[PDB]
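Heads up: the structure comes next, in structure tokens.
FYI the Cβ positions are ideal-geometry reconstructions off the backbone, even for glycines, and counts take in every protein chain you see. Read-outs: derived from the displayed coordinates by stated rules, not from any lab.
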């Protein structure tokens, strides 16, 4: 059981928390697309700018999920 596993670790269109690559900070992003070969999720930030990050950079919108 991975818990977060609909096909990928995250869904698409879903709003999650994503770490900024060079930082340890997490910002709020929405997943737009996904590279399945190298396992990269393309997400879009509140700033409009979209970025690709690893699944390990993405966490739930809230870690408190019930």
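For segment 20-28, state whether one or more residues are within 9 Å of the chain's Cα centre (by Cα), in a strand (DSSP E or B) and either in contact (Cβ under 8 Å) with a residue 60 or more places away in the chain or surrounded by 13 or more Cβ atoms within 10 Å (Cβ to Cβ) (or both). No, there is no match, as no residue in segment 20-28 is within 9 Å of the chain's Cα centre (by Cα), in a strand (DSSP E or B) and either in contact (Cβ under 8 Å) with a residue 60 or more places away in the chain or surrounded by 13 or more Cβ atoms within 10 Å (Cβ to Cβ) (or both).
Looking across segment 40-56, just one residue is in contact with a strand residue (DSSP E or B) (Cβ under 7 Å, 6 or more places away or on another chain) and either assigned to a loop (DSSP other than H, G, I, E, B) or exposed (fewer than 10 other Cβ atoms within 10 Å of the Cβ) (or both), and that is 46. The set of residues in segment 57-66 that are touching a strand residue (DSSP E or B) at 6+ places or on another chain (Cβ under 8 Å) and closer than 16 Å to residue 5 by Cβ comprises 58, 59, 60. Here is a check on your reading of the model: is residue 13 touching a strand residue (DSSP E or B) at 6+ places or on another chain (Cβ under 8 Å) and part of a loop (DSSP other than H, G, I, E, B)? Yes.
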